[PDB]
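Quick notes on the structure that follows.
The chains referred to below are lettered A, B, ... by the order of the sequence lines, with proteins before strands, and numbering in each begins at 1.
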Amino acid sequence: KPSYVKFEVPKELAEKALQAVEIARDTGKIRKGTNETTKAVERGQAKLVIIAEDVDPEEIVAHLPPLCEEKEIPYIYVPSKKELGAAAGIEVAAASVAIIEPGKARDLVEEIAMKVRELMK
RNA sequence: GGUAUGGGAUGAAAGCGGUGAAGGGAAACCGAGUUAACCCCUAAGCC
Ligand SMILES: [Mg+2]
Ligand SMILES: [Mg+2]
Ligand SMILES: [Mg+2]
Ligand SMILES: [Mg+2]
Ligand SMILES: [Mg+2]
Ligand SMILES: [Mg+2]
Ligand SMILES: [Mg+2]
Ligand SMILES: [Mg+2]
Ligand SMILES: [Mg+2]
Ligand SMILES: [Mg+2]
Ligand SMILES: [Mg+2]
Ligand SMILES: [Mg+2]
Ligand SMILES: [Mg+2]
């Protein structure tokens, strides 16, 4: 796996992240795309950052795991950038997504954030 | 008067697009549509 993927995410945990992006897209507020996502982290707005595992070249999202740790924002890995874009509701792949307002997925992103803080070790 | 290189509508079993479309900007900022015939609006420039 790429060098920016720092920990293994179980399959059903990545599905919860995808499910959280869809629910937040419908009932809350998200940012999709690495530029919008990065700014959401720099500005302290992101409640959860979702990063695709198949980003090539890696340098597009390699800055995100360190930036999220500095800003105290949890992040989780997801296997497919195309599947992440669909979860964000766009016709194209998304290398990264940031959930700003989780909406009805607030409890879900919070269960993800706790186990992700674990997986950060 | 003609004329779009400017637009509106349309935009597919087609192309491109969050690895950033189109449009604006010196940049920051923007952040999901868009590409072309026909139809429709406009006529700076050109005839
Ligand atoms: Mg799926
Ligand atoms: Mg005329
Ligand atoms: Mg007239
Ligand atoms: Mg007239
Ligand atoms: Mg147009
Ligand atoms: Mg169709
Ligand atoms: Mg095809
Ligand atoms: Mg299409
Ligand atoms: Mg144009
Ligand atoms: Mg531009
Ligand atoms: Mg006219
Ligand atoms: Mg004229
Ligand atoms: Mg002449």
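- Atom P of nucleotide B/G18 and atom CG of A/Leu64 are separated by 17 Å, given to the nearest angstrom.
- Residue-level contact check: A/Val97 touches neither bases nor backbone, having no heavy atom under 4.0 Å from any strand.
- Between the side chain of A/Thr37 and the main chain of A/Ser96, a donor-acceptor pair closer than 3.5 Å is present.
- On the basis of its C1'-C2'-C3'-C4' angle being positive, B/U42 carries a north sugar.
- Backbone-only contact: A/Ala93 has heavy atoms under 4.0 Å from sugar-phosphate atoms and none from a base.
- Under a 3.5 Å cut-off, the side chain of A/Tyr75 and the backbone N or O of A/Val116 do not form any donor-acceptor pair.
- Between B/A32 and B/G11, the two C1' atoms lie 15 Å apart (nearest whole Å).
- Here, B/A22 and B/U35 have their P atoms 8 Å apart, quoted to the whole Å.
- The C1'-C2'-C3'-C4' torsion of B/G11 is positive. Its sugar is therefore classed as north.
- The closest donor-acceptor contact from the side chain of A/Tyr77 to the backbone of A/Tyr4 lies under 3.5 Å.
- For B/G31, the torsion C1'-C2'-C3'-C4' is below zero, which places the sugar in the south, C2'-endo range.
- Straight-line distance between the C1' atoms of B/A37 and B/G1: roughly 24 Å, to the nearest whole Å.
- The six-membered rings of B/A44 and B/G45 are stacked by the 5.5 Å centre and 30° plane criterion.
- Under the Watson-Crick and G-U wobble criteria, each requiring two contacts below 3.5 Å, nucleotide B/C46 is paired to B/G2.
- Between the CZ atom of A/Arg31 and the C1' atom of B/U19 there is a distance of 19 Å, given to the nearest Å.
- B/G33 sits 12 Å from B/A9 when the P atoms are compared, rounded to a whole Å.
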Which letters describe nucleotides 20-28 of chain B, given B = protein heavy atom under 4.0 Å from base, S = only from sugar-phosphate, - = neither? B--------

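- Distance CD1/A/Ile112 to CG/A/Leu48: 6.0 Å, rounded to 0.5 Å.
- Taking atom P on both nucleotides, B/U10 is separated from B/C46 by 34 Å, rounded to a whole Å.
- Under the Watson-Crick or G-U wobble criterion, with both distances below 3.5 Å, B/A36 has no partner in any strand shown.
- Spacing between B/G20 and B/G6 at atom P, rounded to whole Å, works out to 24 Å.
- Partner assigned to B/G11 is none, using Watson-Crick or G-U wobble distances below 3.5 angstrom.
- Remark: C1' of B/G33 and CD of A/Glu91 are 7 Å apart, rounded to the nearest angstrom.
- With respect to the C1'-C2'-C3'-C4' torsion, B/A4 shows a south sugar, the value lying on the negative side.
- Between atom CD of residue A/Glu59 and atom OG1 of residue A/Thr34 there is a gap of 12.5 Å, rounded to the nearest 0.5 Å.
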Please lay out, stage by stage, how A/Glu101 and A/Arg106 fare under the test side-chain contact (heavy atoms from CB on, under 4.5 Å). CA-CA 8 Å; A/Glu101 214 68 60; A/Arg106 175 171 303 281; 3.3 Å; yes

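- Taking CD1 of A/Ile23 as the reference point, atom CG of A/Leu18 lies at 11.0 Å (rounded to 0.5 Å).
- Nucleotides B/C29 and B/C47 place their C1' atoms 42 Å apart, quoted to the nearest Å.
- Base orientation of B/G25: anti, since the glycosidic angle falls outside 90° of 0.
- Atom P of B/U42 sits at a distance of 28 Å from the matching atom of B/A12, rounded to the whole Å.
- Under a 4.0 Å N-O distance rule, the pair A/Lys11/A/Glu15 qualifies as a salt bridge.
- A south sugar is assigned to B/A12: the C1'-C2'-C3'-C4' torsion is negative, on the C2'-endo side.
- Under the 3.5 Å cutoff applied to both distances, B/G33 and B/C16 qualify as a Watson-Crick or G-U wobble pair.
- Between B/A36 and its strand neighbour B/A37 the base rings do not stack, failing centres under 5.5 Å or planes under 30°.
- Counting to the nearest Å, the P atom of B/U19 and the NZ atom of A/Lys82 are 11 Å from each other.
- Summarising the base pairing, B/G20 is matched to no nucleotide, lacking a Watson-Crick or G-U wobble pair whose two defining distances lie under 3.5 Å.
- For the strand neighbours B/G23 and B/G24, base stacking is present under the 5.5 Å centre-distance and 30-degree plane-angle rule.
- Separation of atoms CD1 (A/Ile73) and CD (A/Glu42) is listed at 10.0 Å; rounding is to 0.5 Å.
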